[PDB]
Amino acid sequence: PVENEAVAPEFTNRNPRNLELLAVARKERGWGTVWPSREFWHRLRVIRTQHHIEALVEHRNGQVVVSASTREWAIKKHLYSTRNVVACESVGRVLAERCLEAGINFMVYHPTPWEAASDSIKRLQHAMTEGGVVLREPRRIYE
Amino acid sequence: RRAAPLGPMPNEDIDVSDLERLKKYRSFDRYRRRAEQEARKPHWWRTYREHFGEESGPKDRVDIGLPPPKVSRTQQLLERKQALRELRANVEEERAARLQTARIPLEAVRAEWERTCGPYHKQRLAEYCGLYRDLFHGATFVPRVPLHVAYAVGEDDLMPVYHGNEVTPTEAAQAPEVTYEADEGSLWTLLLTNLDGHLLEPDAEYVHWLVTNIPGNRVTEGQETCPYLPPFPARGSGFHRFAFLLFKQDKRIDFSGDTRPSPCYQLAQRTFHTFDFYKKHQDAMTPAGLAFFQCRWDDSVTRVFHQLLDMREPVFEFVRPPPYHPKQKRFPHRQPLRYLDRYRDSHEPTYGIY
Amino acid sequence: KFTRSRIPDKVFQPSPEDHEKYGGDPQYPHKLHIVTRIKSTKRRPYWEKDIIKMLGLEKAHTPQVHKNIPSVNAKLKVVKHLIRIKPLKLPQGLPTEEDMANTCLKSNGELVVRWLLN
Amino acid sequence: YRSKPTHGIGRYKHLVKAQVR
Amino acid sequence: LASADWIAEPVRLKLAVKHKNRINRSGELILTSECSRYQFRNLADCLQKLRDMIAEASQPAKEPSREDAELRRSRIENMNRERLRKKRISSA
Amino acid sequence: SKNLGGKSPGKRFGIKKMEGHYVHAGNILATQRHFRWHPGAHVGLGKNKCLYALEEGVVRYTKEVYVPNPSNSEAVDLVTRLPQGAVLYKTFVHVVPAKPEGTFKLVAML
Amino acid sequence: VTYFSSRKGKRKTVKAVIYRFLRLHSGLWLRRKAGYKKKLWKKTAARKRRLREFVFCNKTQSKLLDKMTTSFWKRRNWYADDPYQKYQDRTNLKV
Amino acid sequence: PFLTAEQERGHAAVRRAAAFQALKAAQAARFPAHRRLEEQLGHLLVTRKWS
RNA sequence: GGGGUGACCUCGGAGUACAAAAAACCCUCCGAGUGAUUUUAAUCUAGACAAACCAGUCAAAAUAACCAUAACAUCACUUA
RNA sequence: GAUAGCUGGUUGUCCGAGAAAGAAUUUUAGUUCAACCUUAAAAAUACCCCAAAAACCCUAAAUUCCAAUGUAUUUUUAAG
Ligand SMILES: Nc1nc2c(ncn2[C@@H]2O[C@H](COP(=O)(O)O)[C@@H](O)[C@H]2O)c(=O)[nH]1
Ligand SMILES: [Mg+2]
Ligand SMILES: [Mg+2]
Ligand SMILES: [Mg+2]
Ligand SMILES: [Mg+2]
Ligand SMILES: [Mg+2]
Ligand SMILES: [Mg+2]
Ligand SMILES: [Mg+2]
Ligand SMILES: [Mg+2]
Ligand SMILES: [Mg+2]
Ligand SMILES: [Mg+2]
Ligand SMILES: [Mg+2]
Ligand SMILES: [Mg+2]
């Protein structure tokens with residue numbers, strides 16, 4: 001027949017992002033006893049030191065996908081007081097832009113009950129939401 | 001029976017006597033940081049990473065790329081400190097920081113990021129998406145020079161292609177435009193490869209647009225080996241990856257075995273292997289630009305399958321394995337009445353001889 | 001409680017004099033064990049009974065050839081107090097298919113291939 | 001387990017005590 | 001579908017627009033039934049699906065209601081890629 | 001005499017599945033009265049402190065670090081009273097999924 | 001269980017079994033869970049579901065019921081709109 | 001010992017498999033024997049008289 | 001450790017039963033035959049623990065309402 | 001020919017294989033299950049089992065699950 005008509009029905013998709021985008025990937029349900037819960041595909045992490053602020057997006061395996069730190073020269077020469085709420089908001093906006101560029105749209109963020117009431121972290125979440133990146137990853141199809 | 005510890009115990013360094021004189025942390029955040037930092041050390045007992053695929057721990061990755069731009073560390077640090085002092089000298093910036101009303105030039109931030117640290121972030125993003133594992137299987141490169149790919153959806157509609165973006169074939173039907181800084185003394189080669197979509201050979205990938213011998217930045221002036229072909233992912237198995245590879249070369253590379261005809265509508269001819277291609281052109285080519293994006297099925301793929309490729313649109317589906325059921329027993333004990341429904345072939349009453 | 005007895009590996013460390021005492025080869029170990037059950041299975045635990053059955057030593061005072069691998073050595077250590085173990089010696093080499101009927105096993109632990117020549 | 005080399009790894013009560021001349 | 005003369009032209013166009021995902025490249029609309037083990041029930045189900053398609057294509061009061069739990073992700077990713085699509089630069 | 005009620009049958013509170021056993025989704029891996037084994041990846045926690053696998057694969061046990069939930073005041077106080085070099089470890093039970101998620105089979109070449 | 005009656009000389013059967021059991025033609029016996037109507041307000045929802053759900057029997061009780069029931073109750077039944085007609089038979093029993 | 005634990009890994013497994021398959025075949029060949037015409041027609045020889 | 005008398009007859013915790021499970025004594029000590037409060041805590045169904053039987057234990061996904069991110073009712077050694 | 005959970009007796013040969021107790025009971029002089037065992041049939045993994053693994057204040061003999069290896073036994077079905 002047509003030489004291009006062959007199909008080989010057993011198709012394998014070696015792309016690790018395929019299932020994570022199709023929302024059919026294997027979520028890591030589990031511990032429940034330790035915190036935070038590791039049931040997600042991408043995980044937002046806000047590390048606040050006395051000097052610098054880092055907003056990272058780590059995978060369930062531990063590898064960092066996209067990160068925005070105040071130690072970087074781009075934000076360092078453009079912004080003063082890398083500790084303040086303005087700094088947290090700028091880092092949030094930069095991370096939202098980088099996530100939109102990388103193509104990651106859904107991520108989880110589990111802050112402490114005391115850090116959730118902060119002023120910088122609230123504005124960071126608001127900026128991340130306004131930037132297009134929405135939290136609350138979709139529920140797994142046939143979880 | 002007791003055994004000997006095969007290495008250092010975790011909490012054996014701190015002393016048990018006089019706990020009150022020993023300093024402690026009183027912050028759950030500090031304890032969490034300490035625990036997360038200690039969980040990443042190569043312990044000697046059975047850990048979580050070893051059982052859940054730490055990717056063989058350390059991996060001797062071969063670095064095939066350009067050396068880093070040699071910069072003067074002292075002068076760079078001095079200029080950065082001077083810029084920081086000049087910035088903090090302003091009083092208006094302090095007023096804005098106090099009033100929480102200050103903005104940031106995101107465009108300049110993006111430019112400086114692409115200039116100084118974009119390559120490493122793009123490298124780790126490609127590693128996460130699995131680019132090098134399928135392009136060379138043993139080597140990861142650093143995209144030293146940038147690469148801006150753009151598709152035209154109309155007259156004023158321009159869609160960029162970033163590292164891992166989702167661009168549909170509706171926008172990807174026409175040939176894209178590439179931009180990257182380069183002098184008029186070098187040669188470049190652009191290769192668009194589809195890593196997912198090959199129907200027969202899973203270990204092979206497709207080629208959509210291969211153009212070699214690019215004089216400087218003029219991509220149109222270079223001779224095109226293979227004309228541009230729009231993406232064509234399957235309708236069932238979606239979210240394929242398409243990678244734009246940019247190689248810098250020193251000599252005028254000429255090849256006739258890899259030359260594609262003008263129509264080039266044969267999937268058998270559009271069967272490529274980046275590993276073999278780099279083995280062939282390893283003396284001259286060096287990868288310096290990388291731009292990969294996601295692509296799923298849409299209504300425009302039917303046109304590419306029917307008119308261009310002259311094929312019937314194949315449709316797949318994410319079918320799940322059947323649920324496990326134990327071996328059916330003769331007398332099920334304390335099992336619900338539906339126990340016979342778990343081994344029913346079809347929901348039709350079968351009348352054998354009646 | 002009376003249970004199995006884990007034998008420490010130190011007891012199975014041969015001394016430089018045991019080789020010359022028992023006439024063993026210090027460099028190359030022997031290849032095949034000739035085992036012969038001496039004592040009975042009665043008044044012995046069920047696991048020892050199972051081991052002495054699975055080792056093919058039911059009929060007492062009948063030699064049996066076994067490997068020299070740690071797999072069977074574990075069971076031989078478990079029931080070492082009930083059998084006699086010798087190394088199989090081959091003065092005339094491995095018997096071929098033409099002398100399988102004229103072979104013999106002497107009491108000292110050797111396997112002669114040409115026995116009763118006419 | 002007691003016979004394992006990693007025995008007593010969860011031991012923590014010797015680190016905190018919760019029970020002048 | 002293009003030769004089906006027992007239906008109206010707007011009905012045929014609406015069917016070709018809606019169910020184009022299951023139409024062969026030769027213009028042959030295909031229905032398939034495999035639920036029951038009886039070919040009679042299979043044909044009954046196929047004809048019922050055809051009747052439902054004819055009804056949904058003929059009734060003009062169809063507001064085309066769509067689900068949300070399965071389309072929220074698509075809408076979010078569409079808005080997010082539009083945020084980058086907003087770059088206005090002349091090309092070609 | 002003076003002691004009554006001292007008789008009570010055993011609850012069989014123990015570990016059911018050992019490391020290396022191939023279990024399916026829903027199998028109770030280990031039961032317990034107090035927190036002796038904590039769950040991990042693909043291992044749920046019932047209301048009676050039972051541990052059950054959620055995916056089909058191989059059972060494993062690993063010594064890992066313990067970061068308590070910030071709502072548990074007792075554990076928070078214990079952590080805050082721990083010295084500078086103390087990190088709590090627990091025995092977590094995991095289920096490594098062996099079966100893949102799904103397969104892409106050809107439906108119809110339209 | 002009267003093995004030999006006095007009027008006809010046949011083998012009688014107990015009526016408690018036929019009142020609180022049901023014989024499928026595949027040999028299995030269906031019964032109700034003991035205690036599905038006693039003190040519902042003191043039991044959990046899962047316990048109430050387990051009580052309301054039907055259950056089967058084991059081989060010993062199956063043989064006991066087969067001995068206590070005569071040959072009449074072991075016949076094949078084709079009732080009009082019988083729910084258990086689907087369960088009267090067994091499928092895919094590789095034993 | 002002669003060999004070690006890492007050297008004896010599966011060195012003799014085809015023999016175990018063949019022995020187990022032979023045992024399975026011997027157990028599966030269990031069936032009532034054949035009933036020939038001789039076993040039934042030889043019983044008439046008990047009345048073989050001299051004419 | 002013959003009966004009579006005394007004591008007990010059911011359920012749970014700890015030791016006896018040192019480390020998977022279970023294991024008795026008219027062996028030694030705790031207890032229970034419920035209170036307080038509000039988040040009034042459902043259906044259906046994978047697959048498992050325990051068990052002679054009866055009984056007891058869980059529980060992934062799917063359903064309607066509450067955040068559009070929980071529902072295992074909580075506490076009293078929570079186990080009875 | 002009342003009834004007996006109670007006592008006593010129960011008649012030819014040889015061969016094969018062959019069991020000492022967990023749970024209920026006006027129950028411990030017995031009954032009904034389980035676990036063993038017998039008779040026939042199906043199958044295939046069965047015992048020994050190194051690593052590695054099974055808790056928190058100190059805790060022995062050893063335990064439980066598993067390769068390979070040595071043997072052929074084990075698990076269901078129908079009667080018991
Ligand atoms: N409960 C039980 N009794 C046995 C068993 N074997 C023999 N007996 C009994 O022990 C007595 C015979 O003693 P032996 O001759 O075995 O020394 C007889 O009363 C016999 O019924 C057994 O395996 N279990
Ligand atoms: Mg007891
Ligand atoms: Mg007790
Ligand atoms: Mg006395
Ligand atoms: Mg009295
Ligand atoms: Mg059991
Ligand atoms: Mg649910
Ligand atoms: Mg009488
Ligand atoms: Mg009595
Ligand atoms: Mg005999
Ligand atoms: Mg019996
Ligand atoms: Mg071991
Ligand atoms: Mg085994």
# chains A, B, ... in the order shown; residues from 1 in each chain; ligands from 1
call {"tool": "select_by_dssp", "arguments": {"residues": "chain C", "states": "helix (DSSP H, G or I)", "output": "CSV table (one decimal) with N, CA and C atoms, in the first residue's frame"}}
result
chain,number,residue,atom,x,y,z
C,9,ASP,N,30.7,-17.1,61.7
C,9,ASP,CA,31.6,-17.5,60.6
C,9,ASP,C,33.1,-17.6,61.0
C,10,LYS,N,33.4,-17.2,62.3
C,10,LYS,CA,34.8,-17.4,62.8
C,10,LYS,C,35.2,-18.8,62.9
C,11,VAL,N,34.2,-19.7,63.3
C,11,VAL,CA,34.5,-21.1,63.4
C,11,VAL,C,34.9,-21.7,62.1
C,12,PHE,N,34.4,-21.2,61.0
C,12,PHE,CA,34.8,-21.8,59.7
C,12,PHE,C,35.9,-21.1,59.1
C,18,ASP,N,45.6,-26.5,60.1
C,18,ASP,CA,44.5,-27.5,59.8
C,18,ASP,C,44.7,-28.1,58.4
C,19,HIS,N,45.3,-27.4,57.4
C,19,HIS,CA,45.5,-27.9,56.1
C,19,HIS,C,46.4,-29.1,56.2
C,20,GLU,N,47.6,-28.9,56.8
C,20,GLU,CA,48.5,-30.1,57.0
C,20,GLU,C,48.0,-31.1,57.9
C,21,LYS,N,47.1,-30.8,58.8
C,21,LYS,CA,46.6,-31.8,59.7
C,21,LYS,C,45.6,-32.7,59.0
C,22,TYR,N,44.7,-32.2,58.2
C,22,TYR,CA,43.7,-33.0,57.5
C,22,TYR,C,44.1,-33.3,56.1
C,46,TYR,N,12.8,-31.0,63.3
C,46,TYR,CA,12.1,-31.2,62.0
C,46,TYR,C,12.9,-30.5,60.9
C,47,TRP,N,13.5,-29.3,61.2
C,47,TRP,CA,14.3,-28.7,60.1
C,47,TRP,C,15.5,-29.5,59.8
C,48,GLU,N,16.2,-30.1,60.8
C,48,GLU,CA,17.3,-31.0,60.5
C,48,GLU,C,16.8,-32.2,59.7
C,49,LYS,N,15.6,-32.7,60.0
C,49,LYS,CA,15.1,-33.8,59.2
C,49,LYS,C,14.8,-33.4,57.8
C,50,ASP,N,14.3,-32.2,57.6
C,50,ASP,CA,14.0,-31.7,56.2
C,50,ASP,C,15.3,-31.6,55.5
C,51,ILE,N,16.4,-31.0,56.1
C,51,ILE,CA,17.7,-30.8,55.4
C,51,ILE,C,18.3,-32.2,55.1
C,52,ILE,N,18.3,-33.1,56.0
C,52,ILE,CA,18.9,-34.4,55.7
C,52,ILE,C,18.0,-35.2,54.7
C,53,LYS,N,16.8,-34.9,54.5
C,53,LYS,CA,16.0,-35.5,53.5
C,53,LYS,C,16.3,-34.9,52.1
C,54,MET,N,16.3,-33.5,52.1
C,54,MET,CA,16.5,-32.8,50.8
C,54,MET,C,18.0,-33.0,50.3
C,70,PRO,N,28.6,-22.4,48.3
C,70,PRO,CA,28.1,-22.0,49.6
C,70,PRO,C,26.6,-22.3,49.8
C,71,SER,N,25.9,-22.5,48.7
C,71,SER,CA,24.5,-22.9,48.7
C,71,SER,C,24.3,-24.2,49.5
C,72,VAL,N,24.9,-25.3,49.1
C,72,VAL,CA,24.8,-26.5,49.8
C,72,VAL,C,25.7,-26.5,51.0
C,73,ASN,N,26.7,-25.6,51.1
C,73,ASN,CA,27.6,-25.6,52.3
C,73,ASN,C,26.8,-25.0,53.4
C,74,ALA,N,25.8,-24.2,53.2
C,74,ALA,CA,24.9,-23.7,54.3
C,74,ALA,C,24.2,-24.9,55.0
C,75,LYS,N,23.6,-25.8,54.2
C,75,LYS,CA,22.9,-26.9,54.7
C,75,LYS,C,23.9,-27.9,55.4
C,76,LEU,N,25.1,-28.0,54.8
C,76,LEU,CA,26.1,-28.9,55.4
C,76,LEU,C,26.6,-28.4,56.7
C,77,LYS,N,26.6,-27.1,56.9
C,77,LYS,CA,26.9,-26.5,58.2
C,77,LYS,C,25.8,-26.7,59.1
C,78,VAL,N,24.6,-26.6,58.7
C,78,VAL,CA,23.4,-26.8,59.6
C,78,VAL,C,23.4,-28.2,60.1
C,80,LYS,N,26.1,-30.4,60.1
C,80,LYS,CA,27.4,-30.9,60.1
C,80,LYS,C,27.7,-31.9,61.2
C,81,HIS,N,26.9,-31.9,62.3
C,81,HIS,CA,27.1,-32.8,63.4
C,81,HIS,C,26.4,-34.2,63.1
C,82,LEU,N,26.0,-34.5,61.9
C,82,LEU,CA,25.3,-35.8,61.6
C,82,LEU,C,25.9,-36.5,60.4
call {"tool": "residues_near_ligand", "arguments": {"ligand": "ligand 9", "cutoff": "9 Å", "atoms": "only C-alpha atoms (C1' of nucleotides) and all ligand atoms", "output": "list in words"}}
result
residues 5, 27, 28, 29, 30 and 31 of chain J
call {"tool": "residues_around", "arguments": {"residues": "residue 13 of chain B", "least_positions_apart": "4", "cutoff": "9 Å", "atoms": "only C-alpha atoms (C1' of nucleotides)", "output": "ChimeraX atom specification"}}
result
/B:8-9 /F:85
call {"tool": "write_last_selection", "arguments": {"atoms": "C-alpha atoms", "output": "PDB file, in the first residue's frame"}}
result
ATOM      1  CA  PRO B   8      28.377   7.751  60.846  1.00  0.00           C
ATOM      2  CA  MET B   9      25.120   8.034  62.737  1.00  0.00           C
TER       3      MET B   9
ATOM      4  CA  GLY F  85      21.970  19.523  65.083  1.00  0.00           C
TER       5      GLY F  85
END
call {"tool": "residues_near_ligand", "arguments": {"ligand": "ligand 2", "cutoff": "12 Å", "atoms": "only C-alpha atoms (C1' of nucleotides) and all ligand atoms", "output": "ChimeraX atom specification"}}
result
/F:5-11 /I:16-17,22-25,27 /J:22
call {"tool": "closest_atom_pairs", "arguments": {"of": "chain I", "to": "ligand 7", "cutoff": "12 Å", "atoms": "only C-alpha atoms (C1' of nucleotides) and all ligand atoms", "output": "Markdown table"}}
result
| residue | atom | partner | partner_atom_place_in_ligand_line | distance |
| --- | --- | --- | --- | --- |
| I:44 | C1' | ligand 7 | 1 (Mg) | 11.6 |
| I:45 | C1' | ligand 7 | 1 (Mg) | 11.1 |
| I:46 | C1' | ligand 7 | 1 (Mg) | 11.8 |
| I:59 | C1' | ligand 7 | 1 (Mg) | 9.6 |
| I:60 | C1' | ligand 7 | 1 (Mg) | 7.2 |
| I:61 | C1' | ligand 7 | 1 (Mg) | 6.4 |
| I:62 | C1' | ligand 7 | 1 (Mg) | 8.2 |
| I:63 | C1' | ligand 7 | 1 (Mg) | 10.1 |
| I:71 | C1' | ligand 7 | 1 (Mg) | 11.4 |
call {"tool": "residues_around", "arguments": {"residues": "residue 111 of chain A", "least_positions_apart": "2", "cutoff": "12 Å", "atoms": "only C-alpha atoms (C1' of nucleotides)", "output": "list in words"}}
result
residues 35, 36, 37, 43, 44, 45, 46, 47, 108, 109, 113, 114, 115, 116, 117, 118, 121, 122 and 125 of chain A; 29 of chain B; 69 and 70 of chain F
call {"tool": "write_last_selection", "arguments": {"atoms": "N, CA, C and O atoms", "output": "PDB file, in the first residue's frame"}}
result
ATOM      1  N   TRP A  35       4.917  17.377  56.515  1.00  0.00           N
ATOM      2  CA  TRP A  35       4.525  18.587  55.817  1.00  0.00           C
ATOM      3  C   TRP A  35       5.718  19.155  55.062  1.00  0.00           C
ATOM      4  O   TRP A  35       6.841  19.144  55.579  1.00  0.00           O
ATOM      5  N   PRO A  36       5.514  19.654  53.834  1.00  0.00           N
ATOM      6  CA  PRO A  36       4.221  19.707  53.147  1.00  0.00           C
ATOM      7  C   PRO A  36       3.893  18.432  52.381  1.00  0.00           C
ATOM      8  O   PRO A  36       4.770  17.594  52.172  1.00  0.00           O
ATOM      9  N   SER A  37       2.636  18.296  51.969  1.00  0.00           N
ATOM     10  CA  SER A  37       2.235  17.161  51.153  1.00  0.00           C
ATOM     11  C   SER A  37       2.901  17.248  49.787  1.00  0.00           C
ATOM     12  O   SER A  37       2.931  18.313  49.165  1.00  0.00           O
ATOM     13  N   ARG A  43       6.072  22.556  42.190  1.00  0.00           N
ATOM     14  CA  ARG A  43       6.005  23.024  43.567  1.00  0.00           C
ATOM     15  C   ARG A  43       6.712  24.361  43.695  1.00  0.00           C
ATOM     16  O   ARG A  43       7.905  24.465  43.399  1.00  0.00           O
ATOM     17  N   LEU A  44       5.979  25.376  44.141  1.00  0.00           N
ATOM     18  CA  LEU A  44       6.546  26.696  44.368  1.00  0.00           C
ATOM     19  C   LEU A  44       7.190  26.752  45.746  1.00  0.00           C
ATOM     20  O   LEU A  44       6.636  26.246  46.727  1.00  0.00           O
ATOM     21  N   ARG A  45       8.369  27.367  45.815  1.00  0.00           N
ATOM     22  CA  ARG A  45       9.139  27.454  47.049  1.00  0.00           C
ATOM     23  C   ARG A  45       9.700  28.860  47.182  1.00  0.00           C
ATOM     24  O   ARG A  45      10.416  29.331  46.293  1.00  0.00           O
ATOM     25  N   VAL A  46       9.381  29.526  48.287  1.00  0.00           N
ATOM     26  CA  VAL A  46       9.838  30.884  48.551  1.00  0.00           C
ATOM     27  C   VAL A  46      10.784  30.833  49.742  1.00  0.00           C
ATOM     28  O   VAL A  46      10.349  30.665  50.888  1.00  0.00           O
ATOM     29  N   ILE A  47      12.076  30.982  49.474  1.00  0.00           N
ATOM     30  CA  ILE A  47      13.102  31.005  50.509  1.00  0.00           C
ATOM     31  C   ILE A  47      13.443  32.458  50.801  1.00  0.00           C
ATOM     32  O   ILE A  47      13.874  33.199  49.906  1.00  0.00           O
ATOM     33  N   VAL A 108       1.592  24.350  42.692  1.00  0.00           N
ATOM     34  CA  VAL A 108       1.047  24.363  44.043  1.00  0.00           C
ATOM     35  C   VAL A 108       1.956  25.197  44.932  1.00  0.00           C
ATOM     36  O   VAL A 108       3.147  25.377  44.650  1.00  0.00           O
ATOM     37  N   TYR A 109       1.381  25.716  46.014  1.00  0.00           N
ATOM     38  CA  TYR A 109       2.130  26.524  46.972  1.00  0.00           C
ATOM     39  C   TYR A 109       1.502  26.322  48.342  1.00  0.00           C
ATOM     40  O   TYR A 109       0.373  26.762  48.575  1.00  0.00           O
ATOM     41  N   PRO A 113       0.988  28.541  58.126  1.00  0.00           N
ATOM     42  CA  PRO A 113      -0.135  29.398  58.538  1.00  0.00           C
ATOM     43  C   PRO A 113       0.289  30.782  58.992  1.00  0.00           C
ATOM     44  O   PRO A 113      -0.541  31.698  58.986  1.00  0.00           O
ATOM     45  N   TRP A 114       1.550  30.971  59.383  1.00  0.00           N
ATOM     46  CA  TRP A 114       2.021  32.299  59.754  1.00  0.00           C
ATOM     47  C   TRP A 114       2.615  33.061  58.578  1.00  0.00           C
ATOM     48  O   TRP A 114       2.478  34.288  58.514  1.00  0.00           O
ATOM     49  N   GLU A 115       3.268  32.369  57.643  1.00  0.00           N
ATOM     50  CA  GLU A 115       3.784  33.045  56.457  1.00  0.00           C
ATOM     51  C   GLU A 115       2.673  33.388  55.474  1.00  0.00           C
ATOM     52  O   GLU A 115       2.835  34.305  54.661  1.00  0.00           O
ATOM     53  N   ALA A 116       1.546  32.675  55.533  1.00  0.00           N
ATOM     54  CA  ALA A 116       0.422  32.989  54.663  1.00  0.00           C
ATOM     55  C   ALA A 116      -0.223  34.322  55.013  1.00  0.00           C
ATOM     56  O   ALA A 116      -0.870  34.929  54.153  1.00  0.00           O
ATOM     57  N   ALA A 117      -0.062  34.789  56.249  1.00  0.00           N
ATOM     58  CA  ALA A 117      -0.614  36.064  56.680  1.00  0.00           C
ATOM     59  C   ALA A 117       0.367  37.219  56.527  1.00  0.00           C
ATOM     60  O   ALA A 117       0.057  38.336  56.953  1.00  0.00           O
ATOM     61  N   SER A 118       1.535  36.981  55.936  1.00  0.00           N
ATOM     62  CA  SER A 118       2.512  38.039  55.747  1.00  0.00           C
ATOM     63  C   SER A 118       2.033  39.024  54.681  1.00  0.00           C
ATOM     64  O   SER A 118       1.067  38.782  53.955  1.00  0.00           O
ATOM     65  N   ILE A 121       4.373  38.012  51.107  1.00  0.00           N
ATOM     66  CA  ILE A 121       3.984  36.769  50.450  1.00  0.00           C
ATOM     67  C   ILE A 121       2.599  36.900  49.830  1.00  0.00           C
ATOM     68  O   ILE A 121       2.331  36.345  48.758  1.00  0.00           O
ATOM     69  N   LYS A 122       1.701  37.643  50.479  1.00  0.00           N
ATOM     70  CA  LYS A 122       0.377  37.864  49.906  1.00  0.00           C
ATOM     71  C   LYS A 122       0.471  38.624  48.590  1.00  0.00           C
ATOM     72  O   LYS A 122      -0.161  38.250  47.595  1.00  0.00           O
ATOM     73  N   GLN A 125       1.863  36.319  45.899  1.00  0.00           N
ATOM     74  CA  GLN A 125       0.830  35.452  45.343  1.00  0.00           C
ATOM     75  C   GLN A 125      -0.093  36.227  44.413  1.00  0.00           C
ATOM     76  O   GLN A 125      -0.479  35.730  43.348  1.00  0.00           O
TER      77      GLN A 125
ATOM     78  N   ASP B  29      10.613  27.140  60.538  1.00  0.00           N
ATOM     79  CA  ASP B  29      11.211  27.374  59.227  1.00  0.00           C
ATOM     80  C   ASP B  29      12.685  26.990  59.216  1.00  0.00           C
ATOM     81  O   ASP B  29      13.167  26.388  58.250  1.00  0.00           O
TER      82      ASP B  29
ATOM     83  N   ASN F  69       3.717  18.539  60.718  1.00  0.00           N
ATOM     84  CA  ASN F  69       2.736  19.505  60.252  1.00  0.00           C
ATOM     85  C   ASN F  69       2.716  20.711  61.188  1.00  0.00           C
ATOM     86  O   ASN F  69       2.704  20.548  62.412  1.00  0.00           O
ATOM     87  N   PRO F  70       2.712  21.934  60.648  1.00  0.00           N
ATOM     88  CA  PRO F  70       2.760  23.124  61.515  1.00  0.00           C
ATOM     89  C   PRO F  70       1.535  23.301  62.397  1.00  0.00           C
ATOM     90  O   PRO F  70       1.567  24.149  63.298  1.00  0.00           O
TER      91      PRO F  70
END
